[PDB]
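The structure under discussion appears below in the form of structure tokens.
Lettering follows sequence order; numbering is per chain, from 1. Basis for what follows: all heavy atoms, side chains included, without hydrogens, waters or symmetry-related copies.
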Protein chains: 4
Amino acid sequence: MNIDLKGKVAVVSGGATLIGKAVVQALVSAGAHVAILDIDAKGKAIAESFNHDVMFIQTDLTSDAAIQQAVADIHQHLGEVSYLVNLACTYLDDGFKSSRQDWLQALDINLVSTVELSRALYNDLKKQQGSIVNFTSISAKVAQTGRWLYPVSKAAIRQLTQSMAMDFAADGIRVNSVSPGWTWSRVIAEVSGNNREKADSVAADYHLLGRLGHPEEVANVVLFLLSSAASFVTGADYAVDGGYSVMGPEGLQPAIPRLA
Amino acid sequence: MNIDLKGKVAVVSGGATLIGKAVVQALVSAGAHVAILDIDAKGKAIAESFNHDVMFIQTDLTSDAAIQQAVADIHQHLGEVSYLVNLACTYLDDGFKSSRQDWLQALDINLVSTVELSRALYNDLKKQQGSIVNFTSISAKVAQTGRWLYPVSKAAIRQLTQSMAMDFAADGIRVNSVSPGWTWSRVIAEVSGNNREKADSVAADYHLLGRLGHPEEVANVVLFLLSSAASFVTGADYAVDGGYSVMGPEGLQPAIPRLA
Amino acid sequence: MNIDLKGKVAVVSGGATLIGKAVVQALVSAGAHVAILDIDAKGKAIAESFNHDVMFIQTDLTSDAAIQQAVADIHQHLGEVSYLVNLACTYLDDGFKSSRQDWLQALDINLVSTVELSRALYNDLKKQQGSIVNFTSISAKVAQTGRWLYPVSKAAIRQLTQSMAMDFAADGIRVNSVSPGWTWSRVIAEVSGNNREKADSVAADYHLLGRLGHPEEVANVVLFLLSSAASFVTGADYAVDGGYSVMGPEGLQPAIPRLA
Amino acid sequence: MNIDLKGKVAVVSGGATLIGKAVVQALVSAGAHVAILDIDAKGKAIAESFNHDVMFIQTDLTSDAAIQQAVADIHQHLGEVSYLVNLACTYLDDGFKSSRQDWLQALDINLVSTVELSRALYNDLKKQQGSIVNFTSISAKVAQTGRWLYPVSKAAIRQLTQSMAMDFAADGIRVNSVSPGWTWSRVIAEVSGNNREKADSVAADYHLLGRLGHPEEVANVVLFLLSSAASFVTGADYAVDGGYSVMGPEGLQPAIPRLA
């Protein structure tokens, strides 16, 4: 995976997550400069890890003014943007117990802000004829007990990816989505006791490949779709879930024998 | 389609539309008492045609107080609710031009309000072990130039229908969705000059059956899902689109010959 | 579910199964005459159960001559056909171990014969402007360990339903598919020891409604799609799986807590 | 797209097509040795252009003996196989007019032969822990007037890809599918008069990116899935259709204004 994006500028919302950092590292390795937009303060340490190749701009993407200031800062230090990876999300989700206020807050963060960040960067993507990668999930294709806000948000991102692709094609902009499964996480690393081999064995029941996915494995699909190798890929959903989405409630274990 | 729902009470949000009116008539014909919830005043005339079996309650479903008051009125005049048909929607939609405020307004009406209305009626549906029918569209499965808010909202309804089905199954409540195509509407009647055969001639290009759908044809599918005949149907999306969703950009005309 | 199909003639392939008999009973109750085409000899006892309302014709649907003779017999005793329910299938399936010969045999029975039976009856369905119901499964939407031939066959039936719908619409024929989950079976009844409550509890892990589906519940969806109430439904897949297809490998039980 | 597959051996059925040729070049450029299997003699000229790195073996994949002989020749000249790209297909397709014999012939070539070729190479892929790429189409997700056999065959390939992924995962083999749209082909070049801009002008109505896809653009997606960058991708369908599959019968043009 030795893609060349020398001189290009990329924007990565929600870059403080393990997936985010892997996407940032993948872009830097390809020669691109990256601007990390996030509300989490740990993004600053990630940006400093790459020195002048990556910049961190703490941004509340629900604030239109914060987005305009972030794009102004990107223009001042880095330049015109070619790639946008919308990875920002909230895990505010209590299913039926979540309130109307929680719903609108989660939708604003997970969905509406993706439109505003794309709009603030549109003239850049139009001039650069760039590409956009949004993030769906296996939760956008299936129901999970007790989780409403994030699955519905991700199912909405999936449709937004298609409508953006259609209405952005005239300007030469490609828009796709990436659908990962269970990926090694900061939250999983803490609840597991930083025990990967046990967390992998728990995940084996839901992934044909028998483990959690690595952030790097997700980042590879993001870079491919951003690169010109995917020059005829737009509006598509690229699954990187180790086979999660090919299975149903029976999993990968036989079910008929239980009847006897 | 001679189902018996005598004595059962149904609630139909967005009942002032042609679809709503057909669903109301279908339920009344089946012996049910109906409460019409809508922000449009044309619902008042619809309820009066059925005398004491149908009630109209002008309701802004984005107002929690309005929902509580609407359920209180249903309790006083009709009683415990068995069926909820979530048909309320807004067509506030300017594609990419729609603002952040427009996004949240459309999501509040189309999606979040469905949750609050379901929550206010949940104890009724649980005691009656009723069924819920949400409304998706052909727009939830495909992209349409210049239309973002309504397609994305309906794509979100599809996932909400699945998560509602899962978390409501334990209480014996079935939740499904209906996906219609181009159906004869008030808006089509005005742009058409109340010319149905002319509007049918345009829609033939997008429906295998060569016309717009009738509101009654949609209501038939709604009534089936509400009835006990659909007793093993939950979490499903039932298409009533005259073949719209089996086609792609080529339509129903050959395309290869055009290359010669 | 009190549909009126008085005087109409229906054809039910594979009518010897429990689903088949329920579909036959549903049609008779609606006033239709039914011809059961099947290779199983137990269909004769089913036909005699309805006396002159149902006729049995032992037919090897892989034999073109057998199909022509069956349609000739239907014309002699019953008349012009209005409804065709393609329920015939084989469970010849050993996954990767199944041979090329097994593959072509299963595809011929499950898929190709559906085309020939439809072709032999086409002029009837064209004159009567009838409807066709094919049978998919939850296995057409998901992978099941050790089962290749039947899932692939059913996934192919799903596409065939769409292509038939498109190319049959000009003649006023509607074509749809029905996708059931685990339904109480002859095979399940024997391996379970005719113990339904235990078989239901095993199936609860894969169906939101917590049991196997009843053949009658599947038959209701078949009759609806055949009837004129579904007059704007063509090319659609109507799920009657109790919520099986909304779930993934996590089922309906929490999965995050296992990580701790 | 600078992947290193030095020393690895790949097999490409149906390698005489433009897609096949692009996939062969992509693999050779990545350092792999390639065996071209095809019934078309034009594959012989393709292999000779790469000298000793690419081999051509004229093979009727419906003949079990031909497959065993083809694997024997691969073993003698190149060695153990790591990658299998199932691209062989037939366009024998007359829609409803196709006969039972035509159906089984098309299914044998398009679908069943993929199983036999995979079975003959399985021990290689298991020892090498390789990956398999099957070919679906935009025709597997939508109906096209007058075309049954190829759309249904490809819809069956999609499910086979999922069941292969599940039952091959235990052995470390990844299986995915690629779904292209209208791609520049030999057949299009002949009806087009070898006029690409004219063929592009027709395809713009069905692809958001306004042209036919290049064979290389499809090959890029095939190469990614074969490579270790897709190490958490199994059982997925990767669309490379220029936005074809996000559209419905309305295409990318507004349709509501037509009603006025």
Show me the donor-acceptor pairs within less than 3.5 Å that the side chains of residues 218-225 of chain B make with the rest of the protein, sequence neighbours left out.
| unit_1 | atom_1 | unit_2 | atom_2 | d |
| --- | --- | --- | --- | --- |
| B:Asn220 | ND2 | C:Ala229 | O | 3.1 |

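Identified under the salt bridge (charged side-chain N to carboxylate O under 4.0 Å, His left out) test for residues 161-170 of chain B, with sequence neighbours left out: none.
Closest approach of B:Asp205 and D:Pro249 over heavy atoms only: O-CB, 3.9 Å.
At distances below 3.5 Å, not a single donor-acceptor pair connects side-chain atoms of B:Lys141 with backbone N or O atoms of D:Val246.
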Worksheet entry | B:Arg147 and D:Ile256: CA distance, side-chain angles, deciding distance, side-chain contact (heavy atoms from CB on, under 4.5 Å) verdict | CA-CA 11 Å; B:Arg147 306 177 60 195; D:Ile256 280 145; 4.0 Å; yes
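Rounded to the nearest 0.5 angstrom, B:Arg258 CZ and D:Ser201 OG are separated by 7.0 Å. A distance of 10.5 Å separates CE of B:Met247 from OG1 of D:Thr145, quoted to the nearest 0.5 Å. Of the inter-residue distances, the one linking D:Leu212 atom CG with B:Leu259 atom CG reads 7.0 Å to the nearest 0.5 angstrom.
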